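Have a look at the structure below, then the notes.
All Cβ positions, even for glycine, are placed from backbone atoms using ideal geometry, and neighbour counts span all protein chains on display. Just so it is clear, none of the values below were taken in a lab; they were calculated from the coordinates.
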Amino acid sequence: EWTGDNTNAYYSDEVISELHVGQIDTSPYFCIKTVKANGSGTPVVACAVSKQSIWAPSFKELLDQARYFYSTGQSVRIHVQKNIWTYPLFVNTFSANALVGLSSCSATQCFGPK
Amino acid sequence: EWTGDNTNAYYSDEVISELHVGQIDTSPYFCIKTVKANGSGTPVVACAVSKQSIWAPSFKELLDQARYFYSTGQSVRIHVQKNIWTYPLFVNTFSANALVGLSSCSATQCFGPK
Amino acid sequence: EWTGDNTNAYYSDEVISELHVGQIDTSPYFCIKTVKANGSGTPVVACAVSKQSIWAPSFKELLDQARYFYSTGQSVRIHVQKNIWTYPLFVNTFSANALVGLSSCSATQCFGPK
Amino acid sequence: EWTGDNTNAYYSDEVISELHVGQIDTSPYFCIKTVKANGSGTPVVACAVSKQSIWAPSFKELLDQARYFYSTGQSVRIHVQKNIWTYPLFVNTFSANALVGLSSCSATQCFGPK
Amino acid sequence: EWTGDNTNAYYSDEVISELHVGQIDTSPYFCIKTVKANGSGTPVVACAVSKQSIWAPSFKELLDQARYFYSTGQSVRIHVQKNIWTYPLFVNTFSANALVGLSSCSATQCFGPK
Ligand SMILES: CC(=O)N[C@@H]1[C@@H](O)[C@H](O[C@@H]2O[C@H](CO)[C@H](O)[C@H](O[C@]3(C(=O)O)C[C@H](OC(C)=O)[C@@H](NC(C)=O)[C@H]([C@H](O)[C@H](O)CO)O3)[C@H]2O)[C@@H](CO)O[C@H]1O
Ligand SMILES: CC(=O)N[C@@H]1[C@@H](O)[C@H](O[C@@H]2O[C@H](CO)[C@H](O)[C@H](O[C@]3(C(=O)O)C[C@H](OC(C)=O)[C@@H](NC(C)=O)[C@H]([C@H](O)[C@H](O)CO)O3)[C@H]2O)[C@@H](CO)O[C@H]1O
Ligand SMILES: CC(=O)N[C@@H]1[C@@H](O)[C@H](O[C@@H]2O[C@H](CO)[C@H](O)[C@H](O[C@]3(C(=O)O)C[C@H](OC(C)=O)[C@@H](NC(C)=O)[C@H]([C@H](O)[C@H](O)CO)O3)[C@H]2O)[C@@H](CO)O[C@H]1O
Ligand SMILES: CC(=O)N[C@@H]1[C@@H](O)[C@H](O[C@@H]2O[C@H](CO)[C@H](O)[C@H](O[C@]3(C(=O)O)C[C@H](OC(C)=O)[C@@H](NC(C)=O)[C@H]([C@H](O)[C@H](O)CO)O3)[C@H]2O)[C@@H](CO)O[C@H]1O
Ligand SMILES: CC(=O)N[C@@H]1[C@@H](O)[C@H](O[C@@H]2O[C@H](CO)[C@H](O)[C@H](O[C@]3(C(=O)O)C[C@H](OC(C)=O)[C@@H](NC(C)=O)[C@H]([C@H](O)[C@H](O)CO)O3)[C@H]2O)[C@@H](CO)O[C@H]1O
């Protein structure tokens, strides 16, 4: 597997606008909400769950990176894999998207699989 | 279990006003006090204990996130489970509330379960 | 044991004024000096030593918390257990106090045991 | 092996201009892009992969250091070993350069091997 | 062993002016350069190597504390043990000094062994 697999999806020129940390079924997790830097479109929501999904190994790196980009408010590219979380109340509150990568998009092009 | 279970409690539009770190029964722990961003109402006190309660797996994530929101002063929703801690002097000093989640809040929304 | 045991000592409305990191007898350690926010009294010195004393598990959390409170200069309550470190040259340079807790302070109270 | 081995390459007076975090083959990884502080020349891209290459032990230290230099915008020397990554879609998105070191730069000389 | 032993050396009223991270012999390492806050004297160079020397247990604490004082720019006392590193290319790039302690300095004194 790779963040850049064509079976994953991404959204460019986004800003991380909200951050949540919690626990589910023994696993700490976090979710983020992103919106278009320019105010258009519909929010993207994605979550990472410790020790859950094939993306578990990157949980801490992604949590730290989401925090960094959340604090700067800079434009970024969000990489997700759809339809991963199945807990229905969790999905209704957040989404089924697993967060699988984060890329800066500084005044050029987003620096990630494209 | 889940942060968002309706058997937990939450308080929206709060700011983390105080922070404490210590140790109990060989466990590092921390506590936070939150108040409404507008100053109304009664403070909420909640703690996390690294090796105790079903919420122990999220100790480090919650500590880091509480430290972050404390440093920014921004509005949050705090999620707790009531009636968890049992050492009477500890409960007298802080509360029986276990901290189980933290969500950032906009002016109109909080990004977490409700 | 507990930070809040009445056999420990604490000092309210202190500012962390100095910070030192070193190694002793295979153990990284840190020491802080604190002085009353209003100028009265005598400095307090306390240290935490990795993998040494009953307070060992808290070493990392306390070091991180002391760094933060040191960086802000805010008024804190420092909790110690006296007469723990016995290395006489160490003691003479620093103190025999083990650091066992740190609490933020408001105008009227500090957020921790008393 | 050593960051400073003469079989590695380095580029002085660079500014980290992009940062990317993801996962590949069960391993967290990050990539950075740097450009000459004066705008001449062409960008340098290098990546670290937490579980891969002889440089894996330094993954966390390099990621932490990269994030700090990225946040300051200061001029740095980036040290790489060429021709390490082999997955073609990864190489063509980023490069085959393994990141092996990062040095601050004085106004006249960078603090590291040359 | 102790940071404060007779056989170690120290330099007061310094500022950490440069920082380098790398890897050698499978071990992450870092080096710092310090200069007198008042511009006088000769710079001090010292390194820490994760799996090497009797000071290896303090690697991460010294890294974090070096990074802290580097970002604040405040004046410090740097403690070293001389003639530790032996690989000639490394010593000639950096120094044979092992970093063994860091102490905050006020205008009149430093908070550490002397
Ligand atoms: C640039 C211009 O002249 N006019 C833009 C127009 O290009 C906008 O269309 C988007 O532009 C951005 C530029 O970075 C992207 O190219 C975007 O493509 C993606 C994206 O990177 O966000 C590709 C992505 O594809 C994949 C395989 O993941 C799309 N994701 C999915 C699941 O399909 C997303 C997604 O559709 C969008 O992000 C919105 O959700 O787009 C272009 O679509 C256009 C957008 O309003 O406005 C002009 O100003
Ligand atoms: C409520 C129920 O369904 N059954 C109760 C059960 O909860 C009672 O309480 C726990 O019993 C266990 C023994 O199996 C423990 O004694 C526990 O005490 C501690 C603990 O060691 O876990 C003491 C601890 O105090 C200190 C100084 O650390 C408490 N920590 C704090 C911060 O207060 C913890 C903590 O409250 C719990 O671990 C949270 O889950 O509890 C008892 O609370 C049990 C016996 O008293 O009987 C049942 O009927
Ligand atoms: C070299 C050989 O003996 N036979 C070749 C062989 O090149 C092809 O197999 C690939 O090439 C070698 C075989 O060991 C590489 O090790 C590579 O393995 C990885 C690895 O898992 O370590 C693949 C990995 O790709 C992914 C998606 O993770 C590479 N990672 C990246 C970011 O590119 C790493 C990495 O390059 C090295 O670990 C660097 O040290 O190598 C094998 O997949 C084989 C066709 O499969 O053809 C033979 O001729
Ligand atoms: C203006 C005036 O009235 N007096 C100063 C006078 O204080 C100077 O003496 C130096 O002052 C600084 C104050 O922090 C230090 O005390 C310095 O001593 C050390 C030091 O702490 O840096 C002690 C150290 O000793 C040991 C055993 O490590 C010395 N290190 C070594 C390996 O020998 C270092 C080192 O020699 C210096 O830091 C410079 O590299 O000095 C006092 O020497 C006095 C001379 O500077 O001039 C007046 O201005
Ligand atoms: C009695 C006699 O003949 N020699 C001893 C001897 O024990 C000491 O010399 C060390 O002994 C072995 C021989 O290699 C060590 O391996 C050491 O080499 C390294 C090491 O691997 O630990 C090499 C290393 O170089 C690299 C590229 O990693 C050195 N690291 C650096 C950054 O220079 C380290 C390092 O210098 C030491 O580990 C620090 O403790 O050493 C030989 O140096 C000799 C002291 O050097 O004392 C004699 O009694």
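Explain nothing, just compute: Karplus ³J(HN,Hα) = 6.51 cos²θ - 1.76 cosθ + 1.60, θ = phi - 60°, for every residue of segment E:25-35 in order, whole Hz, x for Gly and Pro.
6, 6, 9, x, 8, 9, 10, 10, 10, 10, 10
For chain D, just the Cα set please: Rg and Dmax, both in angstrom.
Final numbers for Rg and Dmax: 13.1, 42 Å.
Give A:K60/D:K82; A:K51/C:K60; B:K33/C:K60; B:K60/C:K36; A:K60/B:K60; A:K51/D:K51 a once-over and call out the pairs whose C-alpha atoms are over 20 Å from each other.
As for pairs spanning more than 20 Å Cα to Cα, those are A:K60/D:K82; A:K51/C:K60; B:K33/C:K60; B:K60/C:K36.
How large is the helix-only mean residue ellipticity at 222 nm for chain D, computed as the sum of -39500 (n - 2.57) over DSSP H runs with n ≥ 4, divided by its residue count, in deg cm²/dmol to the nearest 500?
Result for chain D: -5000 deg cm²/dmol, rounded to the nearest 500.
Please work out the Cα center distance from segment C:1-76 to segment E:1-77, rounded to the nearest Å.
Segment C:1-76 and segment E:1-77 have Cα centres separated by 22 Å.
On a 0 to 90° scale, report how tilted helix C:59-72 is relative to the longest principal axis of chain C, with both axes built from alpha carbons and the result rounded to the nearest 10.
For C:59-72 against chain C, the angle is about 40 degrees.
Need one word for the protein assembly as shown: rounded, prolate or oblate. Basis is the Cα gyration tensor (sqrt eigenvalues a ≥ b ≥ c); a/c below 1.5 gives rounded, then a/b vs b/c decides.
In terms of gyration-tensor shape, oblate.
Connecting C-alpha atoms closer than 10 Å in a GNM of chain B, tell me which of B:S58, B:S95, B:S12 has the biggest fluctuation.
In the Gaussian network model the winner is B:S58.
Which residues among segment E:19-39 fall inside the zone where the amide N is under 17 Å from a point 7 Å beyond the Cα of D:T72, along Cα→Cβ?
E:19-22, E:30-37
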